[PDB]
Every structure is written in C-alpha cells, then in structure tokens.
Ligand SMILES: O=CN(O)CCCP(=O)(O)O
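Coming up is one lone chain in structure tokens, specifically the form solved without the named molecule.
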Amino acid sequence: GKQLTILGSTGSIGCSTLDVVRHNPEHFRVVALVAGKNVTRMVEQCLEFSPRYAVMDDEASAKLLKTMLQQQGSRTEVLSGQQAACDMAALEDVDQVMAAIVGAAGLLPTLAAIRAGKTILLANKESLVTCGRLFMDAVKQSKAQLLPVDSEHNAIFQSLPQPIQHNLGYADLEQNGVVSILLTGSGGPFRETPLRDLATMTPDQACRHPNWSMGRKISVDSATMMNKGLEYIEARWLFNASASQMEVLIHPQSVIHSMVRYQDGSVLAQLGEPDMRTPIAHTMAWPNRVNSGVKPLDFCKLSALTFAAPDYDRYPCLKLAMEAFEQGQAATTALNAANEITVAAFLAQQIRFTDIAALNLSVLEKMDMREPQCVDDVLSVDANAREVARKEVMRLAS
C-alpha cells in the first residue's frame, strides 16, 4: 500500500515501526532503510523487508553491509553518506518517512523529507527543539503532513479536531475550539523525595523510571523533567500554541498520555499501554487504524490515576525550558546541547544530579547569541553550547 523510507531503522523506534509493517505486510512496503553503523541489524532488516535501498552513514559499515547482503544473495542496493540519507527521504515514490534518526544527524534528512512534501512520521526530537521555526516554515511551504510519533505529542494529536490534524502547525487552536494542550509526565523517580536529598541522588536511582525502564539519558531527563521541558518546546511549535495554551501536569501512572482542553469544558485524552507501536501505528495508518500488536489496556489492572502540578523548585529544568522557548531557537538548542553534556557528566559521576539544572542555566546565561537562520546556524550554536558546558563541568569537577 504505502511506500515508506525509515530514517534510523536499526534503533528502537525503527525496529518498532518495522514490527508494525510486519503486522501489516499488505498495507506497507519498505522501499528504503537508513541507519548508522549497526550492520548486523541492517542485514536482518534488509533480508526481511526487501527494501530497494539500504543506507549506512558510515562509509565502512556500508562496504561491510554490501558484502554481507551479497553473501546472503540480496540485491538491495547499498549507499552511504548523509546525502544518500537525504535522497531516500525525498524518493519520488515514497509516501511516508519515519524520521527516527537521533541527534543533529537527523536534521538534514528530515528537512529533505519535509521539502519533498512527504508525510512525516516525526520521532526526531532535535527537529523541533532546535529547528522548530525553520521546520514549521518548511512544512507550510511544501504542505507536508507532520504526524507526531512521540507518545505525548501523538496523544495530543489524536485528541485534536480534524481541521488541526490536517494543516498541523499553521492552524488556529482558538478558532477550532481548543483552549489548551495538557502535556502529561510521570514526574520521575524523585517526585516525592525530600528536596534536600536531590543533591545526593545517584545515577542508578535516577535511571529507575517510575513505571518502565528506558535509556539512561532519557531516564535522567524524566527525573529532572527536562524531557517534559523539551516536549513543551516541541508542542508549542507543533500545535501552534502560545504559553497560555500550554499546561504541564504530573500524572505518575502514565496511563493517560496527554490531553486537550476544549471551549465547552470537554477534555479529550488518549490512554494506552507504554508501547511505542501504538503511536507509531497511529501515524502510519492515519486517518485510519491498523493492528499494532499492542495488547488492549486492561482498566481493571490499573493503579489509581492521579494528577499534580509540577513544582519548579523540584523541576528547575522544566521552567528553564519554558523560559528558553520565549528567548528563541538559540536558547532552546543551547539548552538541549548543554543538557546532553551535563546529563552525560552526571552519569559519568563527574557532577551531582542537581548540577544538571544548575549547569544548564549557567551555560544559557553565557550564550547571548543571535537567532539561527538555517540548519548551519543551529549546528553552530549547538557546538558552542557543548563546549561551554564541557568547560562548566570541568571547573566543577576540579
């Protein structure tokens, strides 16, 4: 049915999307797969989904993939490099592009898909956190359909009216009866720990997700709620929402994935299991649905559902991100970059848990750079913020 190009096929999101196509072989055809260096995984994916093209970023990995596929008898054409990755995202025949490449490396490929007016299954966070302005403008000009894959943004999308779903980003919320967007989050493992003790929390304590384990980096972001701050930035761009049209709410059980408040008092919400196949399948099948392999949510086996307002004294990173948005893309990409450095430094036990927020603010207070005007400017800000951050860490550890 629909032809897709998967950017970052060997990662977690890429594997989950391939599982969805595996559940619906007659509705989806994989024409191109793009990854980085995981040759072993790529081979298996190429051998199962018969893509016309397979692209590795690393030139060496590509050569290795090539000999592997030939030994296995596959005729999948192998390519290498960023340009090749962008070409796959712009293939004339592809309908959808699952944008799951992490970091700055996902920027150009995602943009190429946007400029080609493809339906974009957006998973890449950096896209809007650092290039929100540039990308939403690009989506408007090409008329590409953005479909948020991230759990929260996807739930919000599903809870939004039809006119906004179509023409996403440049549609008026107020004009479609939407009062605000309710962004939910678990609050992390330190939701009730004495503020006094936050400074002594260990990486292992911080990496225990209150509901289900994830990557260490993301787990820490969930403990500081920087993750929710980043999603706040994305949501603003994605749904064309002002500050007053955004509400952040702690929901410990993570059963409700996010909601939308309406003018008549109605609140629409999306609930489900903690399985990325659900959001992914929603975007791939939109406006229809398909089986994702996810089991039906059992309402009789749930913990009581609760809510609470986030305390900025406990989650300074959340407030930091909200303020950064109002300061511009330079501030948001800098915050994002600084956080990658400080979280990494926390996990490497170079700084304390509470130093993440402190150092993130310190880096931002030293930037004072102009608004990026292109992906190159963003990259420049990113590189600059990381150096400042690495220096901040080093002076702290010494």
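When you see a residue number, it is the position in the sequence shown, counting from 1. Only residues modelled in both forms are compared. The term rigid core refers to the most C-alpha atoms you can superpose between the two forms while keeping them within 1.5 Å.
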In a third or more of the other compared PDB entries with flanking residues modelled, does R208 go missing? yes
Averaging the C-alpha B factors as listed in the entry, name the stretch that ends up higher: 77-85 or 145-153. 77-85
Look up the CA B-factors in the entry and say which stretch, 266-274 or 207-215, has the higher mean. 207-215
Highest Cα temperature factor in the entry, among the options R261, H257, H166, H282: which one is it? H166
When the CA B-factors of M369, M42, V31, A334 are compared as recorded in the entry, which is the largest? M369
Where the record places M68 (Cα B-factor, split into thirds across the chain): highest
Entry-reported Cα temperature factor of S398, expressed as the chain third it lands in: highest
On the chain's distribution of Cα B-factors, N339 falls within the third called lowest
Among the modelled residues of its chain, does the C-alpha B-factor of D221 lie in the lowest, middle or highest third? lowest
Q327, C-alpha B-factor rank within chain (lowest, middle or highest third): highest
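There is another form of the same protein, the form deposited with the named molecule bound; it is not shown, and what comes next is about it.
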Which residue, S186, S74, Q145, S180, has a heavy atom that falls within 4.5 Å of the named molecule in the deposited bound form? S186
In the deposited bound form, the one of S222, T130, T283, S292 near the named molecule [non-hydrogen atom within 4.5 angstroms]: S222
In the deposited bound form, do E152, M214 and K228 all put a heavy atom within 4.5 Å of the named molecule? yes
Heavy atoms within 4.5 Å of the named molecule in the deposited bound form: which of the stretches 171-179, 186-194, 293-301, 316-324 has them? 186-194
Is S254 close enough to the named molecule in the deposited bound form to count, meaning some heavy atom within 4.5 Å? yes
Of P310, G106, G132, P210, the one whose Cα moves 2 Å or more between the shown form and the other one after core superposition: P210
Only counting residues present in both forms, give the runs of 3 or more in a row whose C-alpha shift is 2 Å or more between the shown form and the other one, core aligned. 210-213
